[PDB]
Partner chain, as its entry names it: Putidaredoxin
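The chain below stands alone and is given in structure tokens; this is the form solved without its partner chain.
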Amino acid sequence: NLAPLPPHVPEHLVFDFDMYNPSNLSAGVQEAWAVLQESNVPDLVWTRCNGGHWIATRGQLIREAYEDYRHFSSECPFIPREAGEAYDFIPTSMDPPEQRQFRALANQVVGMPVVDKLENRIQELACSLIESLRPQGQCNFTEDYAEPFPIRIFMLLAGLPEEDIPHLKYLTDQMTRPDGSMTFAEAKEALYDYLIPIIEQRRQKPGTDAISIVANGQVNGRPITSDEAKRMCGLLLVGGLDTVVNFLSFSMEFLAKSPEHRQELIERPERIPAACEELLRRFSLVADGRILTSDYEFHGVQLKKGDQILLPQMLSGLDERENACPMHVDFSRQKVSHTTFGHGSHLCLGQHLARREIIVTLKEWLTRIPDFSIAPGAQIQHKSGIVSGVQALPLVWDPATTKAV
């Protein structure tokens, strides 16, 4: 359904893009969003979909807006407006200066030091999961690896029972790619309903898990509040359950379809880290935004206070103006430009954990299952939202071509 056009929005800037169900989704979700970068499309457009909002379509504008938190606030970062208004995770729903103090605490539980710590367990799980699948000659990658690998690592880090995954994964997904059964607010409240007693228990009897660390932590030298801890833990859960999980599938779908790229990483494993970065660019998958804090003229367009603007992190790296032949994948690409992990004061705090999980996955999978393909006659379908993903990824391979070790 289309929302009536606001008085200040000119008809020539209207492009009814639906971030939750883009028109050309069948061509691939990144390709679907890339339609916003076709010749006849302005740098900044207005869509009447999902309540009505602006969309910056080029990396230059996306980066500029993420840098200017004075005009583009993170207070209401999600579309539709109801979701943006209910969204109160920390530090994401805050603008500097108040936002900053919380980043250090979050870094304590998902930062580099923690990643180096988890390395062995991460490697161990990747190898265990892949070796169990190897002899089968087939798998449903989304449920057999993409989900269990990153999620079990996060549940371990957070000290939560793996039996809780189905419930938590359902809630997380309603906040990024809602099925319609729950509003963002209802999903958020359910997630908080889950966390509240756990946070209280771990503030009473602290453990060494991420929730205990956050719940008993300090920010700028003072005690974090129970509510603040809840709002931060909610964000961590979403990050651990709906980011890398989706990215791994986009990456594996690509590798399954491109033997040449597979062979390259097999023959020259030292290129895996670079490959990871190029894949993060080509299969970028996040798209949230900001809300205008005041009337503001941006790139010749009059924006009004209260207007929401989607700033697709996904689009920056796909912009031909940032990377030549953007849809092409080259592991030797010189200057890989992208904003896959965000831009500005809210740069992703879990990017180190993410990269480690991606690299370990590429290395351990290609080592054991070097040759695999999309299952016969399968047509991979993608899904779009705040974080886009892959609905299903059936893969097949000849066990005789695999290596057990």
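Residue numbers count along the first chain shown, from 1.
Unshown form deposited with its partner chain bound; subsequent notes refer to it.
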Exercise. Counting only non-hydrogen atoms, which stretch in 155-163, 230-238, 203-211, 105-113 is within 4.5 Å of its partner chain in the bound PDB entry?
Worked result: 105-113
Exercise. Each of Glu67, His343 and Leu349 near its partner chain in the bound PDB entry, meaning some heavy atom within 4.5 Å?
Worked result: yes
Problem set entry | Listed residue that, although its partner chain is not shown, lies within 4.5 Å of it in the bound PDB entry (heavy atoms), from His328, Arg321, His299, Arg100 | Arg100
